[PDB]
Amino acid sequence: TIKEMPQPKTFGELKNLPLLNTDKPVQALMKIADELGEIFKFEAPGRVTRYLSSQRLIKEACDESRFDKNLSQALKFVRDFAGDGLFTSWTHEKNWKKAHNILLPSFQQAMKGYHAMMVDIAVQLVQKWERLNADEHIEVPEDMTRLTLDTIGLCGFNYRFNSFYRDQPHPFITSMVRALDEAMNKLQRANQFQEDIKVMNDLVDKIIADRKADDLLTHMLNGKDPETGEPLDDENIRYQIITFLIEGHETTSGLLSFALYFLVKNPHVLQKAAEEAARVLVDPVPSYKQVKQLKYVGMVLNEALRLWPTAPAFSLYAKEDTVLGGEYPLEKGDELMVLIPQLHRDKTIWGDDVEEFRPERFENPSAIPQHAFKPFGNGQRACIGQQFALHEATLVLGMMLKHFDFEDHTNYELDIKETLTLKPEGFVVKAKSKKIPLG
Ligand code: HEM
């Protein structure tokens, strides 16, 4: 028939809330999913969502004729600062489709155009590590953030954040992390955020004052949509700046940190990746063409996104009354949340060793089922920056693996911090230079 949907214990008016009393709500939900399976309902005072974990259900939810992108409480909390820019706009808001057509050509060909500036920041990362004394170590996510922020600032906006000239995190990041944490904390509330938003806006004006006195910024200021013919308004443009400075770097830093984490934890995987880097990256600096030949480095990165997709959930709503999976009636407006780390652990797809780090799972991707691997979201609301993220990550990891041997000197225990994105907090390593000349 039509089944009761599983649901964890409720606690009077508190609903299911006392079950997410944590700074790590996604990891908590993954445990509820392990217990209750492919679908469960979750209620907090005033609001209700349904968490999906199977490819069979997610495949249905990904049917855009039936479900569209929802702004979850977390993205509503975020719309305050990025407005109706691409990430926090509803698909039916005019600026969504409009920015999408106006911005999409900036993301392979734009990539060729971005390569050199990606290499500029990546060489700054390598030089930093080459210059460390023997007694020193690397703070991995902290340096990855320095890299990915500087990369978007330069490739997107021709602005230099100069992150590597500071040994504290950039002033822009510190607000960012506190605003993301606060949006996440706000979630477990039954009943500085202005300061952090103002500090972000503060930087946007710097950028805006800069071009004033061929890249993303160009297309934001000058580009017009081949439908309505209308350009972006200034309000929206400020909104797209803020948007690309966050999503533009946080998830990719997380990815590169998880990737190095898994490599040091899997020395045979590391060996094979380093072997490819050396034979492929024969020039002083890498070319666009060489980065494209780093087949096993891309498999490594995809397998890190499989385990810990760094933007770990996306939210959908029923466009109309519908039945999910031939069993679960939903009313127009009902929220579904896709738990991507749980999707990537669906044993009917992946086999029964879902926790192991095996890049060879991606050896021939043209044989992974559709909707089984979704680290970049779904459909027309999928990550516009997918190829940019991947090219950057593959370039940088490739250069890292060419130029150094890595040591897990603290025997680091994975600790994943959640700011509605994921990163391995406190991950540190030592890197011994192979003493290989740069350009
Ligand atoms: C590994 C790195 C990345 C991951 C895992 C990731 C993940 C995602 C996911 C899952 C979504 C869908 C959000 C939702 O459905 O609510 C998304 C959307 C988006 N992402 Fe990414 N992202 C990454 C890198 C980037 C980069 C480098 C950029 C920009 C340069 C970026 C820009 C965006 C934008 C603008 C959107 C909204 C797209 C739209 O709705 O039109 N992402 N991303």
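Its PDB header attributes the entry to X-ray crystallography and lists the resolution as 2.00 Å.

Counting its regular elements, the protein contains 17 helices and 12 strands. Taken over C-alpha atoms, the radius of gyration comes to 22 Å for the protein, in line with the 22 Å a tight globule of 439 residues would show. Expressed along its principal axes, the backbone C-alpha trace of the protein runs to roughly 65 × 55 × 40 Å.

What follows concerns the coordination of the iron atom of the ligand. For the iron atom of the ligand, the full set of protein donor atoms is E247 (OE) and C383 (SG), and the range of their distances to it is 1.9 to 2.3 Å. Note that the iron atom of the ligand binds 6 donor atoms; their angles at the metal cover 83 to 173°, and the shape is octahedral. On the criterion of sequence distance, the pair formed by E247 in the loop between α10 (234-246) and α11 (250-265) and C383 in the loop between α16 (347-350) and α17 (386-403) is long-range, its members being 136 residues apart.

A separate point is the sheet that holds strand β9 (residues 404-407). Strand pairing in a sheet relies on backbone hydrogen bonds. The paired strands run either parallel or antiparallel. One open sheet holds the 3 strands; their spatial order is β4-β12-β9, and the pairing between them is antiparallel. Every other strand in the sheet has two partners, leaving β4 (138-139) and β9 as the edge strands with one partner each. Of the pairings in the sheet, the one linking β4 to strand β12 (residues 428-433) comprises 2 bridges and is antiparallel in character. What sits directly across from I138, in β12, is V429.

Once that is clear, we can look at unusual backbone geometry. Of note, the phi angle at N411 is positive, near 45°, even though the residue is not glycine. With respect to the helices, strands and loops of the structure, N411 is situated in the loop between β9 and β10 (416-418). On the accessibility criterion, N411 (59% relative accessible area) is exposed. At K435, a residue that is not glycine, the phi angle is positive and equals roughly 60°. Of note, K435 is situated in the segment after β12. Looking at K435, the relative accessible area reads 67%, which means it is exposed.

Attention now goes to the site of the ligand. Around the ligand sit 27 residues in total, of which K69, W96, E247, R381 and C383 are the nearest. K69 places a side-chain nitrogen or oxygen 2.8 Å from an oxygen atom of the ligand. Between the ligand and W96, the relevant distance is 2.8 Å, taken from an oxygen atom to a side-chain nitrogen or oxygen of the residue. Looking at the shell around the ligand, its residues break down into 18 nonpolar, 6 polar and 3 charged.

A word on the nonpolar core. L103, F157, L245, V300, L397 and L401 are the most contacted members of the largest nonpolar core, which has 105 residues in total. With 11 residues, helix α5 (residues 110-130) is the single largest residue contributor to this core. Of all hydrophobic cores here, the second largest spans 18 residues; its members include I58, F314, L324 and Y328.

All right, on to the pairing of strand β1 (residues 39-44) then. In this structure, β1 lies alongside strand β2 (residues 47-52), joined through 6 bridges in antiparallel fashion. Paired with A44 across the two strands is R47, which belongs to β2. Hairpin connection of β1 to β2: 2 residues between the antiparallel strands, including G46 at a positive phi of 90°.

Two descriptors summarise a pair of aromatic rings, namely the distance from one centre to the other and the angle between the planes of the rings. Inspection of the entire model under this criterion finds 20 aromatic pairs. Judged by centre distance (6.1 Å) and plane angle (90°), the rings of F42 and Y51 are edge-to-face. The pair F42 / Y51 is uniform in exposure class, with both members buried. Here the aromatic rings of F107 and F388 are separated by 6.4 Å at their centres, their planes lie at 75°, and the arrangement is edge-to-face. Judged by relative accessible area, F107 falls into the buried class, the value being 13%. Using a relative accessible area of 5% as the deciding quantity, one classes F388 as buried. One aromatic cluster is present, built from ring pairs that chain together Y261, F262, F357, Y412 and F427. Its end group placed over the ring of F87, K69 keeps NZ or CZ at 4.3 Å from the ring centre.

Before going further, it helps to spend a moment on the packing of helix α6 (residues 140-157) against α10. Axis separation between α6 and α10 bottoms out at 9 Å; the angle between their running directions is 140°. When the axes of α6 and α10 are compared, the pair comes out oblique. Of the residues in α10, those in contact with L149, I152 and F157 of α6 are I241, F244 and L245. A per-class count over the contact of α6 with α10 returns 6 nonpolar, no polar and no charged.

Taking strand neighbours across the sheet as the criterion, the 5 strands line up as β1-β2-β8-β5-β3 in an open arrangement whose pairing is mixed. Every interior strand has two partners, whereas the edge strands, β1 and β3 (67-70), have only one. Averaged over all adjacent pairs, the angle separating strand axes in this sheet is 35°, with direction ignored. As defined by bridge partners, strand β5 (residues 313-318) adjoins strand β8 (residues 335-339) across 5 bridges and the pair is classed as antiparallel. Each bridged residue has a counterpart across the sheet, and for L316 the counterpart in β8 is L336. Each of β1, β2 and β8 is contacted by helix α1 (residues 25-36), which is oriented at about 135° to β1, the strand it contacts most.

Counted at 1.5 Å a residue, the expected span for helix α12 (residues 267-280) with its 14 residues is 20 Å, and the 20 Å between its end C-alpha atoms agrees. Looking only at α12, the buried set comprises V269, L270, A273, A274, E276, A277 and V280. Down the axis, α12 shows its buried residues gathered within 160° of arc, on one side only. Residues of α12 that are exposed and angled more than 90 degrees away from the buried face: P267, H268 and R279. The inward-facing, buried residues of α12 contact α11, α13 (288-293), α14 (295-307) and α17.

What counts and how
Residues numbered from 1 in each chain as written, not as in the entry; some residues may be left out. Heavy atoms only, no water. Residues with missing side-chain atoms left out of burial classes, pairs and counts. Helix = DSSP H or I, 4+ residues; strand = E, 2+ residues; numbered from the N terminus. Rg over C-alpha atoms; globule rule 2.2 N^0.38 Å. Donors = N, O, S within 2.8 Å, 3.2 Å for Na, K, Ca; no water. Tetrahedral: all angles 85-135°; square planar, octahedral: opposite > 155°, others 65-115°. Pairing = 2+ DSSP bridges. Buried < 20%, exposed > 50% of the residue type's maximum accessible area, 1.4 Å probe, protein only. Near = heavy atom within 4 Å. Polar contact = N/O pair within 3.5 Å; in protein donor to acceptor, adjacent residues only side chain to side chain. Nonpolar A, V, L, I, M, F, W, Y, C, P; charged D, E, K, R; others polar. Core = buried A, V, L, I, M, F, W, Y, C linked by side-chain atoms within 4.5 Å. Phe/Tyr/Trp six-rings, centres within 6.5 Å; stacked < 30°, edge-to-face > 60°. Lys NZ or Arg CZ within 6 Å of the ring centre and 35° of its normal. Axes fitted to C-alpha atoms, helices over the stretch in contact; angles between N-to-C directions. Parallel < 35°, antiparallel > 145°, perpendicular 65-115°, else oblique. Contact = heavy atoms within 4.5 Å. Expected span 1.5 Å × (residues − 1). Arc of directions from axis to C-beta.

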